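Topology and contacts: notes
Take a look at the letters that make up each chain.
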Amino acid sequence: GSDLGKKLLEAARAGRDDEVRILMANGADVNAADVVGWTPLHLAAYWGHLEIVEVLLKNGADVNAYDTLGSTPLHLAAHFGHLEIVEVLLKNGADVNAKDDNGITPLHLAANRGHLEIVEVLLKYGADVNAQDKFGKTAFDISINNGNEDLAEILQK
Amino acid sequence: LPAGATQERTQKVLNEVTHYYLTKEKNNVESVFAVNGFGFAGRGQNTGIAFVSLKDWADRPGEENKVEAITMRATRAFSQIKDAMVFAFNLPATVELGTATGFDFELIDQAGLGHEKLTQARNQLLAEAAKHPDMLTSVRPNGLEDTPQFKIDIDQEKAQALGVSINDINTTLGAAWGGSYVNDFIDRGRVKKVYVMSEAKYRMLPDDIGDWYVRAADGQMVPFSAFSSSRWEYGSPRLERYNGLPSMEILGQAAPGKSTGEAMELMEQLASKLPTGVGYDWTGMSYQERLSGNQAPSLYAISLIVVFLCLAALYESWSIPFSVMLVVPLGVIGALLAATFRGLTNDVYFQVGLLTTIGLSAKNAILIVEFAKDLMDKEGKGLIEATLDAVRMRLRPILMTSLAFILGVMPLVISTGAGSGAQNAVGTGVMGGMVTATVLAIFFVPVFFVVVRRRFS
Amino acid sequence: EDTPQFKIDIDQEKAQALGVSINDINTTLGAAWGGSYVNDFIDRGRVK
Amino acid sequence: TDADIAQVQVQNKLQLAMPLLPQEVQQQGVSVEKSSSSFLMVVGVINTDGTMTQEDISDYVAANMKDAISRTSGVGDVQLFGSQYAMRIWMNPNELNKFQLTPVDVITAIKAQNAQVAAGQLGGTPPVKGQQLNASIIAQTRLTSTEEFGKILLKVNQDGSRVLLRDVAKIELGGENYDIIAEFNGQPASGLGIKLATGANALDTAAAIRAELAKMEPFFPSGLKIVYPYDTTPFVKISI
Amino acid sequence: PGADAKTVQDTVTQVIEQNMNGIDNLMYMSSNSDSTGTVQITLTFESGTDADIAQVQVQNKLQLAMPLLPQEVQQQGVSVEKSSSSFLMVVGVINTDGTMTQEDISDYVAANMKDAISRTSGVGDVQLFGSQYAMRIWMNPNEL
Amino acid sequence: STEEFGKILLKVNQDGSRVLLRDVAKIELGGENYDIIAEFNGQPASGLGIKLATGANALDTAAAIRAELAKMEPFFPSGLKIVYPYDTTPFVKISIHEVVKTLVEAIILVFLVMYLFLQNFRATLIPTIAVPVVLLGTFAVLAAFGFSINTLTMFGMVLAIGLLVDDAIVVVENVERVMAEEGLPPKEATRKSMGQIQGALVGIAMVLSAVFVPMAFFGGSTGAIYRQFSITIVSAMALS
Amino acid sequence: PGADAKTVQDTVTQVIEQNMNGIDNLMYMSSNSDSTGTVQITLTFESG
Ligand SMILES: CCCCCCCCCCCCO[C@@H]1O[C@H](CO)[C@@H](O[C@H]2O[C@H](CO)[C@@H](O)[C@H](O)[C@H]2O)[C@H](O)[C@H]1O
Ligand SMILES: CN(C)c1ccc(O)c2c1C[C@H]1C[C@H]3[C@H](N(C)C)C(O)=C(C(N)=O)C(=O)[C@@]3(O)C(O)=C1C2=O
Ligand SMILES: CCCCCCCCCC(=O)OC[C@H](CO)OC(=O)CCCCCCCCC
Ligand SMILES: CCCCCCCCCCCCCCCCCC
Ligand SMILES: CCCCCCCCCCCCCCC
Ligand SMILES: CCCCCCCC
């Protein structure tokens, strides 16, 4: 925990691109994590700040960083329907079959909130469609339970 | 402290603050009442407050041992403290007013946009208001920011499969982690509450969730881990509403030199360029300042019109009244010079002080004009003869009243004790106004009467 | 003025015989034909 | 008679009766009011673009307009000419019997799976020494959509197949009641029947209502418009 | 007790706010729902309004809305007071020999002092900085 | 008692052993909640926040509270101490004293300045009688309007000193001048003296009324403050 | 209902009585708790 580390966490969350850039020049810690284990990339991927997500990965930010419950920036971006960020993460080597402590994947979360474009991007990068969570539930089991007609067709593969 | 900070974390900061006041300000500070977990902005573990009680005014000599001075010292001393926004400040005369420069703005969700969309619109208004330091200064949100919270999801299918009811699950969780008021008991002839809650150590961290077991219908004990799944998300620890709809209170004050009315007019302009479905309204002192300022012009008007009519009836002349009413600036100029020189403000004591200075100057002028006119009307004297005879007869009583009253308010001006602020405000403006109102009136009232009597033959 | 109304008699003996709760009978009849206000939910951030 | 005191005295006796009333009558909300029986004015609401139905308009007036009008000083009673939406669970007896379920099971499931739970905090007070984490625990929250209600699990069959609420009922967003249906000049309409509070000024109250309506207009959806089909105050203004 | 801002707002605050109709000379209404499980709805009235009549009208509309609140909230109670934030003085009670905790002192002041001070000639309202004792059951999950 | 709560039976085992509430929980008398940690100079603290009742005397109430707390001293457990971190009555006592000091000093100065010019103790007595009569009269009218002795009302009379003192000086001084310039006896001199100014004094009262009265007709918080000064000054001026 | 004077006074009469302080023109307050569970707290005010 450093002075600039806490400011980057605050800036990355708020989406202050120009403050993030000044902090990337001063050498602010990109691996700066809060008490829950969220890095600036975690925060940026959650709040949907694309320009900052790109700036952090350029500055050697861990794309496969995980919190105290095993969730990664891709989990968040996929869950909150941030297509542009999901692509940039997978492009920069984001583990598409990343499991949290519950065994939940970015595909599970993407499917659960009916993000059709994101599901297609994930499957394109080799997202295990037969991947189960701790309850033995697939992304297909989520679609039929939610009653998502379109999503059920995409995961029918 | 930063959001998510614990009670122990805040106690350490308060212990340093308490240690400072009983060390560095041992000659001034009598006691420090440290309240950990309370703040006027919103209560929580990260917030606290230290109510400092000082020794008698007798034991605190000079301006260096006043709240003004002690505040400035303490503020700078705590600015060094790592990861804590700590500062001191004096209490206002009353909470029921706030600041004259300050405004109170409500940002309203008028189309069920949601909490997160109203935050975006709030951040947008703040960002634009920050590009106007010339008009608006310290434009900030009054509420709390979103914080990490632990979202746990009970699997209904897995609970029903194991034979575990949701009532037993939701009770076990809520009772252990949150506490549960069961019923009353009588401790020494006094009815008191009975609470069941987990011993601290078993309800601290997410790993402790799995240590809690709920009995199934078959009689087997099932851990929370078996039928639950958790993740981190952000949510509001304090949700504000105004007139039934979701809102966010925004505080701020007019920039040095600029007026409240102007600062408000820009905030309205900025607000009109926010996302669709986002409304605004003025509350508290702003609501008050708005519908009090619309009266002022009307009250000044009536006051000034009735004064004229009263003097018009007295002198039996539509013109002569002007000779009396022209004395007003002579008393106000000295009040302003005195207040400005000393570095005081346009407060209520001053404003009422002007009306009493204007009142006594108007009184002096009325008698000079009355004496002068009555000599012309009865003794058939000339304008200048009657005016010179009048001011002669009225010189001594004007001086006696002024001499007595200027000396009478002199102790209030030099006062630096308890309630000196009120005394100074009452004294300074009156003494200053009285000097100019006395010195100028005796020479100007005869000038006003002659000029008016000439202009209107 | 008075209007025709559908009088229905619940035979207590036959219900006790078959082992059906009269609470379940009144709930089923009342909820289905009359309507039952269960609890509240949030429609676009408003309690309904 | 002071209508304020008359209301206080009447309610003091009502609160003695309140606990003896059925639980269903209490949960509908009992109201004590001091108003004229006649209507001061009717505030009609139509959609000129025909984008919203009679039901859709009524829900908006109930959810976005009614409450603020009801709170305005001088407004004794406000009658919604329509109904606010509710989560309508239209049960099917053929489908309920098929899965061996009853309206009793449906109500129990909704109360269990449409709950807003207080689950305490991580690192809550009193805490252990050396605690760094402090976060609220968020469990079950109120459902928000017809979909969420649809996927309420009533029971799991012996073969492991799920019975959801949408399998035994049609789930739409519909009026709390379907008794009131209004029309303005033939086309679909909703609105508010406003009764003047006992002793209140007709003209001052009517003006205060228009002031409150003026604040809502900018935030209306496309097509939605206020109409003034009935007002007793204009006559008083014009006659004087 | 144990509720979050969202839980408090969606079950308590919105239900009470929807029922604050038929009350005379109301200017505006504001509320806060926080993660301590607390809600405060402040109804500000026109200057010259009888504060007693204003309070009884708010209390009456709340009473009719009480059956719509959660049993946990109904059990705790909902307090309708006249907002007059202006203290005559604050009496502090402290333990110098460290034999009593802040909880122990609070119970003493509540039991032996508070009621006598409330009865004192010219005293309007007395707020206790703390609460009287509660029978705290601290459960152990390993034992259960 | 905690002992009774500890003995609460939870279950009886098959072997015969009993599970009590003390076996699965720690049972103590504690606080309702543990959110706030209160300390006074580092020591554990509680307290009472006391508000003044409607129409009550602040100085009497404060003395009464201290008189009650004094009777509780003998029963306090070993270590318990009372402290007064906040109290306004010492400040309000200074405000009262400083105003009476100013009002008394003011009457003394009129006496000295009256003697300096007129140089007869007989003339110096007239304003020494008239001014206190008006100041007392002022309090009677404050009570009639239902006002209290407060910072605004007290300093309202301090600002009016100039107006009240003047009324006295103007009347006596004018009589002293008429006697000096005409040689009339005090009786006939007073008649002529008053005859010159009596019309102006009525006129002055009407002008000063028009200056201060409209100040009370401000609305809201600001209006309430100005109303205290307005009524105090107009009352004192009218009596003068 | 069913509570003796002692239990009633402790749980009701005192709880109410200790909140009946700071009221305008209150002269005195008399109350009684009986074996039937009944409480009756009478507050008498100045004439006028
Ligand atoms: C509604 C508010 C408007 C009021 C404004 C008027 C301000 C006060 C004006 C005072 C009237 C002037 O009064 C001037 O002196 C006296 C009384 O004072 C008058 O004299 C008259 O009244 C006096 C009253 O004692 C009587 O003796 C006598 O009946 C009559 O001659 C003169 O005719 C007039 O020149
Ligand atoms: C400033 N303030 C009034 C103080 C100061 C010091 C304190 O030590 C305390 C307070 C607030 C009071 C409020 C009381 C209130 N009540 C009397 C039960 C109360 O409702 C709560 C609550 N969380 O609801 C408290 O925290 C509370 O018990 C508490 O712990 C307090 C407390 O400990
Ligand atoms: C002799 C004629 C005097 C005319 C002035 C009368 C002013 C009264 C206005 C009033 O009632 O408001 C008082 C107001 C309360 O906020 O107090 C004030 O703000 C004091 C007013 C001082 C300025 C006077 C105008 C001089 C400019 C040339
Ligand atoms: C356009 C805004 C309208 C506001 C009008 C306010 C009028 C207030 C009336 C004040 C009353 C003045 C009476 C003072 C006369 C006393 C002197 C004889
Ligand atoms: C607000 C209406 C009243 C204002 C004051 C009226 C003054 C009247 C002046 C009349 C002058 C007539 C001159 C005669 C030559
Ligand atoms: C200190 C006691 C005086 C109370 C009345 C004073 C009025 C100015």
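1. What about the overall build of chain D?
Along chain D, the regular secondary structure elements total eight helices and 11 strands. Taking 240 residues into account, the globule formula puts the C-alpha radius of gyration at 18 Å, and chain D, at 24 Å, lies well above it. Each of the three principal axes of chain D carries a C-alpha extent, and together these read 80 × 55 × 45 Å. Taking contacts inside chain D between residues at least 6 apart in sequence as the whole, the part at least 24 apart equals 74%. Averaged over its 19 positive side-chain charges, chain D has a centre that lies 6 Å from the centre of its 24 negative ones.

2. Examining the environment of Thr38 of chain E
Within the fold, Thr38 of chain E resides in the loop between β1 (26-34) and β2 (39-45). Exposure remark for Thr38 of chain E: the relative accessible area of 24% places this residue in the partly exposed category. With 25 residues separating them along the chain, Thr38 of chain E and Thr13 of chain E place their C-alpha atoms 9.8 Å apart. Excluding residues within four positions of it along the chain, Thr38 of chain E makes contact with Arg43 of chain B together with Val8, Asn32 and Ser33 of chain E. Engagement of the side chain of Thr38 of chain E in a polar contact is seen with the side chain of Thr36 of chain E, the distance being 3.0 Å.

3. Some points on helix α2 (residues 17-26) of chain A
For the α-helix, the turn length of 3.6 residues means that residues three or four positions removed from each other point alike. All names here are of chain A. Within α2 the residues assigned to the buried category are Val20, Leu23 and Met24. Relative to the axis of α2, the buried residues are bounded by an arc of 105° and lie together on one face. Along α2, the residues that are exposed and aim more than 90 degrees away from the buried face are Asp18, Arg21, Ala25 and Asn26. Lining the buried residues of α2 we find α1 (3-14) and α4 (50-58). Phi turns positive, to about 90°, at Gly27, one or two residues after α2.

4. Looking at the site of ligand 4
All residues in the neighbourhood of ligand 4 are listed as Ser298 and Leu299 of chain B together with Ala210, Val213 and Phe217 of chain F. With respect to ligand 4, its neighbouring residues span chains B and F. Expressed as a share of its isolated accessible area of 580 Å², the protein-covered part of ligand 4 is 50%. Per-class residue counts for the shell around ligand 4 are four nonpolar, one polar and no charged.

5. Things to note about the packing of helix α8 (residues 296-315) of chain B against helix α7 (residues 186-212) of chain F
Orientation of α8 of chain B relative to α7 of chain F, taken along the N-to-C sense of each, is 170°, at an axis distance of 8 Å. Put simply, α8 of chain B runs roughly antiparallel to α7 of chain F. Along its contact with α8 of chain B, which presents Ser303, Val306, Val307, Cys310, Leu311 and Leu314 of chain B, the element α7 of chain F presents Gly199, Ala200, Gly203, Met206, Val207, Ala210 and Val211 of chain F. Considering only residue class, the contact of α8 of chain B with α7 of chain F consists of 10 nonpolar, three polar and no charged.

6. Observations concerning the arrangement of the chains
With 14 pairs of chains in contact overall, the contact-richest pair is chains E and F. At no point do chain A and chain G touch; the closest pair of C-alpha atoms across them sits 45 Å apart. In this structure chain D stays clear of chain G, and the shortest span between their C-alpha atoms is 15 Å.

7. A word on the nonpolar core
In globular proteins that are soluble, nonpolar side chains generally tend to be buried together. By size, the foremost hydrophobic cluster in this structure holds 87 residues, and its most contacted members are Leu311 and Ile366 of chain B together with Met114 and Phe212 of chain F. The element that contributes the greatest number of residues to this core is helix α11 (residues 348-377) of chain B, accounting for 13 residues. Membership of the second largest hydrophobic core comes to 48 residues, among which are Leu69 of chain A, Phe185 of chain B, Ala119 of chain D together with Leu21 of chain F.

What counts, and where the lines are drawn
Residues numbered from 1 in each chain as written, not as in the entry; some residues may be left out. Chains lettered and ligands numbered in written order. Part of a larger assembly, values for the part shown. Heavy atoms only, no water. Helix = DSSP H or I, 4+ residues; strand = E, 2+ residues; numbered from the N terminus. Rg over C-alpha atoms; globule rule 2.2 N^0.38 Å. Contact = heavy atoms within 4.5 Å. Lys, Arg positive; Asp, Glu negative; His and termini not counted. Charge placed at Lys NZ, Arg CZ, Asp CG, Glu CD. Buried < 20%, exposed > 50% of the residue type's maximum accessible area, 1.4 Å probe, protein only. Polar contact = N/O pair within 3.5 Å; in protein donor to acceptor, adjacent residues only side chain to side chain. Arc of directions from axis to C-beta. Near = heavy atom within 4 Å. Areas by Shrake-Rupley, 256 points an atom, 1.4 Å probe, with all protein chains shown as cover. Nonpolar A, V, L, I, M, F, W, Y, C, P; charged D, E, K, R; others polar. Axes fitted to C-alpha atoms, helices over the stretch in contact; angles between N-to-C directions. Parallel < 35°, antiparallel > 145°, perpendicular 65-115°, else oblique. Core = buried A, V, L, I, M, F, W, Y, C linked by side-chain atoms within 4.5 Å.

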